[PDB]
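Next up, work_22.pdb (PDB, C-alpha atoms and all ligand atoms):
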ATOM      1  CA  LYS A 323     -13.964   3.865 -16.774
ATOM      2  CA  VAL A 324     -12.831   7.280 -18.052
ATOM      3  CA  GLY A 325     -11.784  10.161 -15.841
ATOM      4  CA  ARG A 326      -9.847   8.274 -13.152
ATOM      5  CA  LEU A 327      -6.611   9.563 -11.619
ATOM      6  CA  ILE A 328      -3.844   7.972  -9.569
ATOM      7  CA  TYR A 329      -3.803   9.752  -6.207
ATOM      8  CA  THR A 330      -0.711   9.814  -3.995
ATOM      9  CA  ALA A 331      -1.175  10.902  -0.379
ATOM     10  CA  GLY A 332       1.471  11.701   2.185
ATOM     11  CA  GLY A 333       4.943  10.231   2.149
ATOM     12  CA  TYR A 334       8.385  11.039   3.460
ATOM     13  CA  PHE A 335      11.317  13.173   2.413
ATOM     14  CA  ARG A 336      13.292  14.517   5.387
ATOM     15  CA  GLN A 337       9.983  14.506   7.304
ATOM     16  CA  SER A 338       6.462  13.189   6.818
ATOM     17  CA  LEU A 339       4.508  15.009   4.134
ATOM     18  CA  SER A 340       0.952  16.280   3.724
ATOM     19  CA  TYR A 341       0.846  16.281  -0.083
ATOM     20  CA  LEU A 342      -2.131  14.998  -2.025
ATOM     21  CA  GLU A 343      -1.269  14.944  -5.744
ATOM     22  CA  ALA A 344      -3.113  13.209  -8.574
ATOM     23  CA  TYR A 345      -1.693  11.930 -11.866
ATOM     24  CA  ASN A 346      -3.737  11.568 -15.047
ATOM     25  CA  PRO A 347      -2.317   8.694 -17.151
ATOM     26  CA  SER A 348      -4.337   9.910 -20.142
ATOM     27  CA  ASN A 349      -2.519  13.242 -20.479
ATOM     28  CA  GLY A 350       0.518  13.044 -18.182
ATOM     29  CA  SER A 351      -0.647  15.893 -15.947
ATOM     30  CA  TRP A 352      -0.277  16.223 -12.187
ATOM     31  CA  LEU A 353      -2.575  18.199  -9.903
ATOM     32  CA  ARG A 354      -1.796  19.352  -6.363
ATOM     33  CA  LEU A 355      -4.953  18.906  -4.256
ATOM     34  CA  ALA A 356      -5.925  19.556  -0.634
ATOM     35  CA  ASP A 357      -3.190  18.720   1.851
ATOM     36  CA  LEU A 358      -3.818  16.079   4.483
ATOM     37  CA  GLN A 359      -4.798  17.642   7.802
ATOM     38  CA  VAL A 360      -1.857  15.817   9.450
ATOM     39  CA  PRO A 361       1.334  14.872   7.526
ATOM     40  CA  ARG A 362       1.842  11.134   7.408
ATOM     41  CA  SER A 363       4.299   8.608   5.987
ATOM     42  CA  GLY A 364       3.919   4.860   6.082
ATOM     43  CA  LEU A 365       0.181   5.143   5.516
ATOM     44  CA  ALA A 366      -1.963   3.325   2.974
ATOM     45  CA  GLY A 367      -4.639   4.563   0.604
ATOM     46  CA  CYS A 368      -7.800   2.940  -0.718
ATOM     47  CA  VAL A 369     -11.085   3.925  -2.302
ATOM     48  CA  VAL A 370     -14.653   2.969  -1.392
ATOM     49  CA  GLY A 371     -17.695   4.517  -3.029
ATOM     50  CA  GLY A 372     -15.623   7.080  -4.896
ATOM     51  CA  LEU A 373     -14.055   8.431  -1.703
ATOM     52  CA  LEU A 374     -10.322   8.272  -1.061
ATOM     53  CA  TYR A 375      -9.257   7.055   2.379
ATOM     54  CA  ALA A 376      -5.905   7.658   4.081
ATOM     55  CA  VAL A 377      -5.248   5.081   6.802
ATOM     56  CA  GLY A 378      -2.647   5.020   9.556
ATOM     57  CA  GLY A 379       0.976   6.004   9.168
ATOM     58  CA  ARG A 380       3.133   8.249  11.330
ATOM     59  CA  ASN A 381       3.850  11.951  11.491
ATOM     60  CA  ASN A 382       7.647  12.245  11.654
ATOM     61  CA  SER A 383       8.708  15.849  12.131
ATOM     62  CA  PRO A 384      11.625  17.658  13.807
ATOM     63  CA  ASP A 385       9.552  17.714  17.000
ATOM     64  CA  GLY A 386       8.196  14.180  17.179
ATOM     65  CA  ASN A 387       7.125  10.829  15.831
ATOM     66  CA  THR A 388       3.411  10.221  16.333
ATOM     67  CA  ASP A 389       2.009   6.937  15.048
ATOM     68  CA  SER A 390      -1.434   7.394  13.547
ATOM     69  CA  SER A 391      -4.704   5.632  14.271
ATOM     70  CA  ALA A 392      -6.428   8.024  11.888
ATOM     71  CA  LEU A 393      -8.832   7.313   9.054
ATOM     72  CA  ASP A 394      -9.459  10.378   6.890
ATOM     73  CA  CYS A 395     -11.725  10.624   3.862
ATOM     74  CA  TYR A 396     -11.138  12.833   0.815
ATOM     75  CA  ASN A 397     -14.055  13.693  -1.459
ATOM     76  CA  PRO A 398     -12.943  14.627  -4.999
ATOM     77  CA  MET A 399     -16.257  16.443  -5.507
ATOM     78  CA  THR A 400     -15.360  18.982  -2.795
ATOM     79  CA  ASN A 401     -11.546  18.758  -2.636
ATOM     80  CA  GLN A 402     -11.890  18.407   1.125
ATOM     81  CA  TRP A 403     -10.701  15.945   3.744
ATOM     82  CA  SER A 404     -12.991  14.842   6.582
ATOM     83  CA  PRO A 405     -12.054  12.784   9.657
ATOM     84  CA  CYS A 406     -13.654   9.376  10.016
ATOM     85  CA  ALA A 407     -13.705   7.083  13.026
ATOM     86  CA  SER A 408     -10.237   6.192  14.253
ATOM     87  CA  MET A 409      -8.845   2.677  14.465
ATOM     88  CA  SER A 410      -8.413   0.801  17.745
ATOM     89  CA  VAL A 411      -4.644   1.313  17.677
ATOM     90  CA  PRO A 412      -1.993   3.381  15.874
ATOM     91  CA  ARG A 413      -0.609   1.574  12.803
ATOM     92  CA  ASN A 414       2.508   2.903  11.077
ATOM     93  CA  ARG A 415       3.888   0.987   8.089
ATOM     94  CA  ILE A 416       0.365  -0.356   7.525
ATOM     95  CA  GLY A 417      -1.257  -2.252   4.724
ATOM     96  CA  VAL A 418      -4.910  -2.068   3.720
ATOM     97  CA  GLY A 419      -7.325  -3.895   1.469
ATOM     98  CA  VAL A 420     -10.984  -3.487   0.557
ATOM     99  CA  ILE A 421     -13.530  -6.312   0.463
ATOM    100  CA  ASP A 422     -17.147  -5.618  -0.472
ATOM    101  CA  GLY A 423     -17.039  -1.987   0.590
ATOM    102  CA  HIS A 424     -15.173  -2.583   3.862
ATOM    103  CA  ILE A 425     -11.637  -1.467   4.659
ATOM    104  CA  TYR A 426      -9.281  -3.901   6.361
ATOM    105  CA  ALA A 427      -6.356  -2.364   8.238
ATOM    106  CA  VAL A 428      -3.577  -4.903   8.700
ATOM    107  CA  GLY A 429      -0.572  -4.968  10.993
ATOM    108  CA  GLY A 430       1.794  -2.049  11.308
ATOM    109  CA  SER A 431       3.672  -0.685  14.278
ATOM    110  CA  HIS A 432       3.014   1.384  17.372
ATOM    111  CA  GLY A 433       6.364   2.333  18.834
ATOM    112  CA  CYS A 434       8.249  -0.921  19.314
ATOM    113  CA  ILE A 435       5.039  -2.983  19.101
ATOM    114  CA  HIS A 436       4.654  -4.999  15.881
ATOM    115  CA  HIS A 437       0.977  -5.754  15.352
ATOM    116  CA  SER A 438      -0.591  -8.979  14.238
ATOM    117  CA  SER A 439      -4.008  -7.412  14.821
ATOM    118  CA  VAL A 440      -6.423  -6.604  11.990
ATOM    119  CA  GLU A 441      -9.573  -4.468  11.997
ATOM    120  CA  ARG A 442     -12.406  -3.788   9.572
ATOM    121  CA  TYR A 443     -14.116  -0.455   8.836
ATOM    122  CA  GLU A 444     -17.779  -0.114   7.843
ATOM    123  CA  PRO A 445     -18.290   3.206   5.990
ATOM    124  CA  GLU A 446     -22.074   2.980   6.300
ATOM    125  CA  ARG A 447     -21.819   2.956  10.100
ATOM    126  CA  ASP A 448     -18.500   4.834  10.467
ATOM    127  CA  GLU A 449     -17.243   2.092  12.778
ATOM    128  CA  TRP A 450     -14.194  -0.127  13.114
ATOM    129  CA  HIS A 451     -14.234  -3.593  14.656
ATOM    130  CA  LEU A 452     -11.386  -6.019  15.221
ATOM    131  CA  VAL A 453     -11.281  -9.315  13.335
ATOM    132  CA  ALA A 454      -8.997 -12.321  13.755
ATOM    133  CA  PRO A 455      -5.300 -11.407  14.008
ATOM    134  CA  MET A 456      -2.733 -12.645  11.546
ATOM    135  CA  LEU A 457      -0.575 -15.675  12.337
ATOM    136  CA  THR A 458       2.494 -13.397  12.197
ATOM    137  CA  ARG A 459       3.224  -9.888  13.439
ATOM    138  CA  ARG A 460       3.929  -7.787  10.339
ATOM    139  CA  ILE A 461       4.976  -4.166   9.782
ATOM    140  CA  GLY A 462       5.855  -2.859   6.332
ATOM    141  CA  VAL A 463       3.318  -5.461   5.190
ATOM    142  CA  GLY A 464       1.940  -5.607   1.670
ATOM    143  CA  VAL A 465      -1.801  -6.183   1.436
ATOM    144  CA  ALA A 466      -4.096  -6.900  -1.470
ATOM    145  CA  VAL A 467      -7.501  -8.406  -2.189
ATOM    146  CA  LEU A 468      -8.245 -10.979  -4.875
ATOM    147  CA  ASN A 469     -11.529 -12.842  -5.249
ATOM    148  CA  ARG A 470     -12.764 -11.450  -1.914
ATOM    149  CA  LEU A 471      -9.829 -12.936   0.012
ATOM    150  CA  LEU A 472      -7.343 -10.698   1.842
ATOM    151  CA  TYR A 473      -3.604 -11.335   1.561
ATOM    152  CA  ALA A 474      -0.820 -10.121   3.875
ATOM    153  CA  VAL A 475       2.600 -10.425   2.277
ATOM    154  CA  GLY A 476       6.083 -10.065   3.724
ATOM    155  CA  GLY A 477       6.988  -7.359   6.202
ATOM    156  CA  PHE A 478       9.037  -7.324   9.399
ATOM    157  CA  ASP A 479       8.025  -9.098  12.615
ATOM    158  CA  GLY A 480      10.396  -7.243  14.952
ATOM    159  CA  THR A 481      13.338  -9.596  14.441
ATOM    160  CA  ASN A 482      13.312 -10.794  10.830
ATOM    161  CA  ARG A 483      12.180  -9.483   7.498
ATOM    162  CA  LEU A 484       9.777 -11.991   6.014
ATOM    163  CA  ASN A 485       9.211 -13.986   2.859
ATOM    164  CA  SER A 486       6.080 -15.517   4.358
ATOM    165  CA  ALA A 487       2.528 -14.629   3.389
ATOM    166  CA  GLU A 488      -0.946 -15.488   4.599
ATOM    167  CA  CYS A 489      -4.567 -15.244   3.521
ATOM    168  CA  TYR A 490      -7.699 -14.214   5.409
ATOM    169  CA  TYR A 491     -10.982 -16.022   4.696
ATOM    170  CA  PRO A 492     -13.711 -13.633   5.885
ATOM    171  CA  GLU A 493     -16.539 -16.142   6.189
ATOM    172  CA  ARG A 494     -14.371 -18.200   8.568
ATOM    173  CA  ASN A 495     -12.669 -15.231  10.256
ATOM    174  CA  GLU A 496      -9.448 -17.189   9.858
ATOM    175  CA  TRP A 497      -5.921 -16.702   8.541
ATOM    176  CA  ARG A 498      -3.922 -19.442   6.829
ATOM    177  CA  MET A 499      -0.353 -19.423   5.569
ATOM    178  CA  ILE A 500       0.175 -19.484   1.821
ATOM    179  CA  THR A 501       3.282 -20.468  -0.112
ATOM    180  CA  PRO A 502       6.119 -18.106   0.876
ATOM    181  CA  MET A 503       7.644 -15.767  -1.659
ATOM    182  CA  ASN A 504      10.966 -16.572  -3.239
ATOM    183  CA  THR A 505      12.400 -13.344  -1.772
ATOM    184  CA  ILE A 506      12.299 -11.759   1.664
ATOM    185  CA  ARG A 507      10.436  -8.466   1.188
ATOM    186  CA  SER A 508       9.708  -5.777   3.749
ATOM    187  CA  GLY A 509       8.148  -2.538   2.514
ATOM    188  CA  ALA A 510       7.268  -3.978  -0.873
ATOM    189  CA  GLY A 511       4.470  -2.761  -3.093
ATOM    190  CA  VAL A 512       1.727  -5.395  -3.189
ATOM    191  CA  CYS A 513      -1.265  -5.319  -5.508
ATOM    192  CA  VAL A 514      -3.552  -7.558  -7.562
ATOM    193  CA  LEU A 515      -3.618  -7.825 -11.338
ATOM    194  CA  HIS A 516      -5.674 -10.460 -13.158
ATOM    195  CA  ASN A 517      -5.438 -13.651 -11.073
ATOM    196  CA  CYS A 518      -2.170 -12.870  -9.310
ATOM    197  CA  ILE A 519      -0.869 -11.052  -6.254
ATOM    198  CA  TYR A 520       2.222  -9.048  -7.236
ATOM    199  CA  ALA A 521       5.017  -8.164  -4.806
ATOM    200  CA  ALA A 522       7.323  -5.494  -6.243
ATOM    201  CA  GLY A 523      10.513  -4.292  -4.640
ATOM    202  CA  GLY A 524      10.996  -4.034  -0.911
ATOM    203  CA  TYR A 525      14.001  -4.577   1.329
ATOM    204  CA  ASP A 526      15.382  -8.081   1.937
ATOM    205  CA  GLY A 527      17.459  -7.208   5.003
ATOM    206  CA  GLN A 528      20.489  -6.343   2.846
ATOM    207  CA  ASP A 529      19.368  -4.351  -0.203
ATOM    208  CA  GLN A 530      16.453  -2.568  -1.784
ATOM    209  CA  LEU A 531      15.043  -4.772  -4.524
ATOM    210  CA  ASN A 532      14.048  -4.235  -8.140
ATOM    211  CA  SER A 533      12.740  -7.780  -8.494
ATOM    212  CA  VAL A 534       9.014  -8.493  -8.819
ATOM    213  CA  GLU A 535       7.191 -11.759  -8.253
ATOM    214  CA  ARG A 536       3.569 -12.830  -8.535
ATOM    215  CA  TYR A 537       1.466 -15.421  -6.721
ATOM    216  CA  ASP A 538      -1.043 -17.275  -8.877
ATOM    217  CA  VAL A 539      -3.869 -18.030  -6.465
ATOM    218  CA  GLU A 540      -4.887 -21.153  -8.402
ATOM    219  CA  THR A 541      -1.454 -22.806  -8.676
ATOM    220  CA  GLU A 542      -0.130 -21.452  -5.335
ATOM    221  CA  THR A 543       3.241 -20.619  -6.891
ATOM    222  CA  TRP A 544       5.329 -17.462  -6.909
ATOM    223  CA  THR A 545       6.997 -16.584 -10.220
ATOM    224  CA  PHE A 546       9.346 -13.717 -11.023
ATOM    225  CA  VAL A 547       8.332 -11.274 -13.759
ATOM    226  CA  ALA A 548      10.449  -8.553 -15.359
ATOM    227  CA  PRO A 549      12.276  -6.442 -12.740
ATOM    228  CA  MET A 550      11.637  -2.746 -12.288
ATOM    229  CA  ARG A 551      14.154  -0.275 -13.672
ATOM    230  CA  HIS A 552      14.813   0.980 -10.135
ATOM    231  CA  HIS A 553      15.426  -0.763  -6.869
ATOM    232  CA  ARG A 554      12.878   0.548  -4.400
ATOM    233  CA  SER A 555      11.505  -0.009  -0.922
ATOM    234  CA  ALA A 556       8.587   1.813   0.720
ATOM    235  CA  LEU A 557       7.064   2.394  -2.716
ATOM    236  CA  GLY A 558       3.495   3.263  -3.572
ATOM    237  CA  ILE A 559       1.617   0.915  -5.882
ATOM    238  CA  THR A 560      -1.727   0.658  -7.613
ATOM    239  CA  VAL A 561      -3.372  -0.922 -10.629
ATOM    240  CA  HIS A 562      -5.115   1.054 -13.347
ATOM    241  CA  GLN A 563      -6.445  -0.142 -16.710
ATOM    242  CA  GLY A 564      -4.667  -3.454 -16.574
ATOM    243  CA  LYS A 565      -1.244  -2.122 -15.600
ATOM    244  CA  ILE A 566       0.687  -1.773 -12.358
ATOM    245  CA  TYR A 567       2.024   1.646 -11.413
ATOM    246  CA  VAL A 568       4.806   2.006  -8.837
ATOM    247  CA  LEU A 569       5.478   5.434  -7.333
ATOM    248  CA  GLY A 570       8.575   6.649  -5.545
ATOM    249  CA  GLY A 571      10.314   4.734  -2.799
ATOM    250  CA  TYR A 572      13.902   4.581  -1.621
ATOM    251  CA  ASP A 573      16.704   2.998  -3.646
ATOM    252  CA  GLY A 574      19.389   3.132  -0.963
ATOM    253  CA  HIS A 575      20.675   6.497  -2.214
ATOM    254  CA  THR A 576      17.744   8.676  -3.291
ATOM    255  CA  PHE A 577      14.085   9.176  -2.492
ATOM    256  CA  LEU A 578      12.794   8.465  -5.960
ATOM    257  CA  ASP A 579      10.461  10.597  -8.035
ATOM    258  CA  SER A 580      10.203   7.870 -10.698
ATOM    259  CA  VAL A 581       6.853   6.294 -11.595
ATOM    260  CA  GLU A 582       7.103   3.029 -13.541
ATOM    261  CA  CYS A 583       4.313   1.114 -15.273
ATOM    262  CA  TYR A 584       4.186  -2.658 -15.775
ATOM    263  CA  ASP A 585       2.480  -4.133 -18.828
ATOM    264  CA  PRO A 586       1.691  -7.829 -18.193
ATOM    265  CA  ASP A 587       1.137  -8.583 -21.886
ATOM    266  CA  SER A 588       4.701  -7.688 -22.872
ATOM    267  CA  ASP A 589       6.190  -8.328 -19.398
ATOM    268  CA  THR A 590       7.934  -4.963 -19.438
ATOM    269  CA  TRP A 591       8.251  -1.917 -17.225
ATOM    270  CA  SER A 592       8.383   1.597 -18.638
ATOM    271  CA  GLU A 593       9.043   4.890 -16.902
ATOM    272  CA  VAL A 594       5.930   6.966 -17.473
ATOM    273  CA  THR A 595       6.186  10.136 -15.356
ATOM    274  CA  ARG A 596       7.899  11.663 -12.358
ATOM    275  CA  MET A 597       6.276  12.871  -9.182
ATOM    276  CA  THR A 598       6.751  16.549  -8.403
ATOM    277  CA  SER A 599       9.377  15.556  -5.815
ATOM    278  CA  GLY A 600      10.989  12.340  -4.635
ATOM    279  CA  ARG A 601       9.377  10.596  -1.668
ATOM    280  CA  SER A 602       8.758   7.243  -0.023
ATOM    281  CA  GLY A 603       6.035   5.762   2.159
ATOM    282  CA  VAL A 604       3.043   7.135   0.235
ATOM    283  CA  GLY A 605      -0.517   5.875   0.087
ATOM    284  CA  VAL A 606      -1.926   5.405  -3.405
ATOM    285  CA  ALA A 607      -5.340   4.698  -4.876
ATOM    286  CA  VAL A 608      -7.480   5.407  -7.921
ATOM    287  CA  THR A 609     -10.715   7.365  -8.146
ATOM    288  CA  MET A 610     -12.463  10.014 -10.204
ATOM    289  CA  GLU A 611     -10.882  13.361 -10.993
ATOM    290  CA  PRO A 612     -11.869  16.161  -8.560
TER     291      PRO A 612
HETATM  292  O1  LIG A 701       8.321   4.341   9.016
HETATM  293  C1  LIG A 701       9.569   4.262   8.837
HETATM  294  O2  LIG A 701      10.381   3.731   9.608
HETATM  295  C2  LIG A 701      10.095   4.856   7.539
HETATM  296  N1  LIG A 701       9.283   4.764   6.300
HETATM  297  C3  LIG A 701       8.719   3.502   5.946
HETATM  298  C4  LIG A 701       7.394   3.330   5.553
HETATM  299  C5  LIG A 701       6.943   2.076   5.154
HETATM  300  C6  LIG A 701       7.791   0.963   5.098
HETATM  301  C7  LIG A 701       9.119   1.109   5.471
HETATM  302  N2  LIG A 701      10.053   0.015   5.407
HETATM  303  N3  LIG A 701      10.269  -0.616   4.199
HETATM  304  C8  LIG A 701      11.194  -1.573   4.433
HETATM  305  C9  LIG A 701      11.575  -1.549   5.803
HETATM  306  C10 LIG A 701      12.578  -2.434   6.461
HETATM  307  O3  LIG A 701      13.478  -1.873   7.147
HETATM  308  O4  LIG A 701      12.473  -3.656   6.309
HETATM  309  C11 LIG A 701      10.876  -0.544   6.375
HETATM  310  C12 LIG A 701      10.793  -0.080   7.746
HETATM  311  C13 LIG A 701       9.622  -0.196   8.612
HETATM  312  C14 LIG A 701      10.797  -1.061   8.952
HETATM  313  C15 LIG A 701      11.765  -0.899  10.089
HETATM  314  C16 LIG A 701      12.620  -1.931  10.545
HETATM  315  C17 LIG A 701      13.523  -1.774  11.598
HETATM  316  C18 LIG A 701      13.647  -0.558  12.257
HETATM  317  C19 LIG A 701      12.832   0.479  11.822
HETATM  318  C20 LIG A 701      11.933   0.301  10.758
HETATM  319  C21 LIG A 701       9.527   2.372   5.855
HETATM  320  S1  LIG A 701       9.516   6.063   5.284
HETATM  321  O5  LIG A 701       9.464   7.259   6.090
HETATM  322  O6  LIG A 701       8.649   6.102   4.151
HETATM  323  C22 LIG A 701      11.173   5.852   4.738
HETATM  324  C23 LIG A 701      11.574   4.843   3.852
HETATM  325  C24 LIG A 701      12.894   4.645   3.457
HETATM  326  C25 LIG A 701      13.901   5.436   3.973
HETATM  327  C26 LIG A 701      13.543   6.421   4.874
HETATM  328  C27 LIG A 701      12.218   6.595   5.247
END
Rendering of file as structure tokens:
Amino acid sequence: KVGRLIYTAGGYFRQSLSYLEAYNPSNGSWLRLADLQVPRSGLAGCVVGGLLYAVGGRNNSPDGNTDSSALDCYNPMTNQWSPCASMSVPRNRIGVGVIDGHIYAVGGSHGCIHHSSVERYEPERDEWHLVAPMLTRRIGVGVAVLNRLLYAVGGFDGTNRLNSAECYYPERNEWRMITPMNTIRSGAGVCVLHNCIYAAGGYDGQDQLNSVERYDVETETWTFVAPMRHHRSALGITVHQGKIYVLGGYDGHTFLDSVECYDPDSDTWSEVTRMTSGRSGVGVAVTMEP
């Protein structure tokens, strides 16, 4: 369990960013690591087998917007990125989840297309294959895995921001709606902690949110927990040692550098560090130090 860092990849501030930076909760330090080969915002991060994966996004620059179908793999042992097989389609504002060593890429946008499609990556074969699409088209969708079930939460379908959520049952290759959230949330941070799916922040169609709610998969209810100190949409999120960390985002005024940490035992958020610069739309995951 020792020696793990919180990695933040990519993001946006004025343009899409290539940064890979890693935070050590044990000593408060930050390390700047190998840049992404292509800057990307609106991507997601995940880890399989100790390797960090950066999935999807878009490269916004002064000279273009290119939605990304890319899957790139970072090895902390070498501090190097390698390309992996690309997805079937570009997916900006993506969500991802891992089940049993396989990466699920969910939703996202390609130009004005809002995807319901979902695809699954097999690292052993370096192949993607499509699975059943969601019941709803969702961009800015929060994704998490609990008990080997995949959840897609909130987002934007092209017309409305969403409070709805749905669950994917892999052995049936089927999606089913779950109880909707109490709040419409697009671009929220979604993660799993203990037996609950948390949805932190986001945009409700009117304001960036500091509220946080959690879905208990046994009772099928959403309950609010303590709100974050900062309103934020397009935040990064991960779980480490029993606590939720939220990174950056947009509060309606500033691209935040704040990192807050949620303790479920006390139901409190604390501000624990700042990123080296404010940014939104990052991918975040946890793996060993490089
Ligand atoms: O991809 C990008 O359009 C910028 N990014 C992004 C990445 C992930 C999620 C999001 N998101 N969250 C909440 C919402 C929301 O409107 O409901 C969105 C964007 C996707 C939704 C959208 C809706 C209608 C028209 C256009 C877009 C944004 S960003 O570059 O990180 C950034 C964030 C905040 C301010 C500036 C830039």
Quiz prompt | Residues within 9 Å of ligand LIG 701 (chain A), counting all atoms listed in the file, as a ChimeraX atom specification | solution = /A:333-338,362-365,379-380,382,414-416,430-431,434,461-463,477-484,507-510,524-527,530,554-557,571-574,576-577,601-604
Keeping only C-alpha atoms, take the residues you just selected and write them out as a short mmCIF file (atom, residue, chain, number, x, y, z; two decimals), in the frame of the given file.
data_model
loop_
_atom_site.label_atom_id
_atom_site.label_comp_id
_atom_site.auth_asym_id
_atom_site.auth_seq_id
_atom_site.Cartn_x
_atom_site.Cartn_y
_atom_site.Cartn_z
CA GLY A 333 4.94 10.23 2.15
CA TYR A 334 8.38 11.04 3.46
CA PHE A 335 11.32 13.17 2.41
CA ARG A 336 13.29 14.52 5.39
CA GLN A 337 9.98 14.51 7.30
CA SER A 338 6.46 13.19 6.82
CA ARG A 362 1.84 11.13 7.41
CA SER A 363 4.30 8.61 5.99
CA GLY A 364 3.92 4.86 6.08
CA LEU A 365 0.18 5.14 5.52
CA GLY A 379 0.98 6.00 9.17
CA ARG A 380 3.13 8.25 11.33
CA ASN A 382 7.65 12.24 11.65
CA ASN A 414 2.51 2.90 11.08
CA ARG A 415 3.89 0.99 8.09
CA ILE A 416 0.36 -0.36 7.52
CA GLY A 430 1.79 -2.05 11.31
CA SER A 431 3.67 -0.68 14.28
CA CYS A 434 8.25 -0.92 19.31
CA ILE A 461 4.98 -4.17 9.78
CA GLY A 462 5.86 -2.86 6.33
CA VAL A 463 3.32 -5.46 5.19
CA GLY A 477 6.99 -7.36 6.20
CA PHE A 478 9.04 -7.32 9.40
CA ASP A 479 8.02 -9.10 12.62
CA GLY A 480 10.40 -7.24 14.95
CA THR A 481 13.34 -9.60 14.44
CA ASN A 482 13.31 -10.79 10.83
CA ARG A 483 12.18 -9.48 7.50
CA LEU A 484 9.78 -11.99 6.01
CA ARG A 507 10.44 -8.47 1.19
CA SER A 508 9.71 -5.78 3.75
CA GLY A 509 8.15 -2.54 2.51
CA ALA A 510 7.27 -3.98 -0.87
CA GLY A 524 11.00 -4.03 -0.91
CA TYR A 525 14.00 -4.58 1.33
CA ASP A 526 15.38 -8.08 1.94
CA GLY A 527 17.46 -7.21 5.00
CA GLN A 530 16.45 -2.57 -1.78
CA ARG A 554 12.88 0.55 -4.40
CA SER A 555 11.50 -0.01 -0.92
CA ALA A 556 8.59 1.81 0.72
CA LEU A 557 7.06 2.39 -2.72
CA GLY A 571 10.31 4.73 -2.80
CA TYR A 572 13.90 4.58 -1.62
CA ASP A 573 16.70 3.00 -3.65
CA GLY A 574 19.39 3.13 -0.96
CA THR A 576 17.74 8.68 -3.29
CA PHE A 577 14.08 9.18 -2.49
CA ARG A 601 9.38 10.60 -1.67
CA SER A 602 8.76 7.24 -0.02
CA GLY A 603 6.04 5.76 2.16
CA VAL A 604 3.04 7.14 0.24
#
Practice problem: Do a neighbour search on residue A:404 at 9 Å with only C-alpha atoms, toss out local chain neighbours closer than 3 positions, and write the hits as a ChimeraX atom specification. | Solution: /A:359,393-397
Quiz item: Between atom CA of residue A:609 and atom CA of residue A:449, what is the spacing in Å?
Solution: 22.5 Å
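Run against this file, the PyMOL selection byres (((chain A and resi 473) around 8) and not hetatm) gives back residues 464, 465, 466, 467, 468, 471, 472, 474, 475, 487, 488, 489 and 490 of chain A.
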Determine the residue membership of the PyMOL selection byres (((chain A and resi 350) around 12) and not hetatm) for the file above and supply it as a PDB file with C-alpha atoms, keeping the file's coordinate frame.
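Written file, out33.pdb:
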ATOM      1  CA  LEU A 327      -6.611   9.563 -11.619  1.00  0.00           C
ATOM      2  CA  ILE A 328      -3.844   7.972  -9.569  1.00  0.00           C
ATOM      3  CA  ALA A 344      -3.113  13.209  -8.574  1.00  0.00           C
ATOM      4  CA  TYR A 345      -1.693  11.930 -11.866  1.00  0.00           C
ATOM      5  CA  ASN A 346      -3.737  11.568 -15.047  1.00  0.00           C
ATOM      6  CA  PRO A 347      -2.317   8.694 -17.151  1.00  0.00           C
ATOM      7  CA  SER A 348      -4.337   9.910 -20.142  1.00  0.00           C
ATOM      8  CA  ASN A 349      -2.519  13.242 -20.479  1.00  0.00           C
ATOM      9  CA  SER A 351      -0.647  15.893 -15.947  1.00  0.00           C
ATOM     10  CA  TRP A 352      -0.277  16.223 -12.187  1.00  0.00           C
ATOM     11  CA  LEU A 353      -2.575  18.199  -9.903  1.00  0.00           C
ATOM     12  CA  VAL A 581       6.853   6.294 -11.595  1.00  0.00           C
ATOM     13  CA  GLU A 593       9.043   4.890 -16.902  1.00  0.00           C
ATOM     14  CA  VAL A 594       5.930   6.966 -17.473  1.00  0.00           C
ATOM     15  CA  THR A 595       6.186  10.136 -15.356  1.00  0.00           C
ATOM     16  CA  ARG A 596       7.899  11.663 -12.358  1.00  0.00           C
ATOM     17  CA  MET A 597       6.276  12.871  -9.182  1.00  0.00           C
TER      18      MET A 597
END
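With distances taken over all atoms listed in the file, A:332 is the one residue among A:412, A:423, A:549, A:332 lying closest to residue A:356.
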Exercise. In Å, rounded to a single decimal, give me how far atom CA of residue A:587 is from atom CA of residue A:366.
Key: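 Those two atoms sit 27.7 Å apart.
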Filtering to C-alpha atoms, could stretch 462-477 of chain A of the supplied structure be written out as a short mmCIF file (atom, residue, chain, number, x, y, z; two decimals), in the first residue's frame?
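Written output follows (result-v4.cif):
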data_model
loop_
_atom_site.label_atom_id
_atom_site.label_comp_id
_atom_site.auth_asym_id
_atom_site.auth_seq_id
_atom_site.Cartn_x
_atom_site.Cartn_y
_atom_site.Cartn_z
CA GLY A 462 -19.20 15.13 -19.35
CA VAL A 463 -20.27 11.81 -17.82
CA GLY A 464 -19.02 10.56 -14.48
CA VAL A 465 -18.05 6.90 -14.39
CA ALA A 466 -17.10 4.57 -11.58
CA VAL A 467 -16.97 0.86 -10.79
CA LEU A 468 -18.32 -0.76 -7.64
CA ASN A 469 -18.64 -4.50 -7.08
CA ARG A 470 -17.74 -5.17 -10.73
CA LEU A 471 -20.66 -3.09 -12.03
CA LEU A 472 -20.06 0.03 -14.15
CA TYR A 473 -21.98 3.23 -13.45
CA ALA A 474 -22.53 6.22 -15.76
CA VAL A 475 -23.71 9.29 -13.89
CA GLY A 476 -25.07 12.60 -15.12
CA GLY A 477 -23.61 14.43 -18.08
#
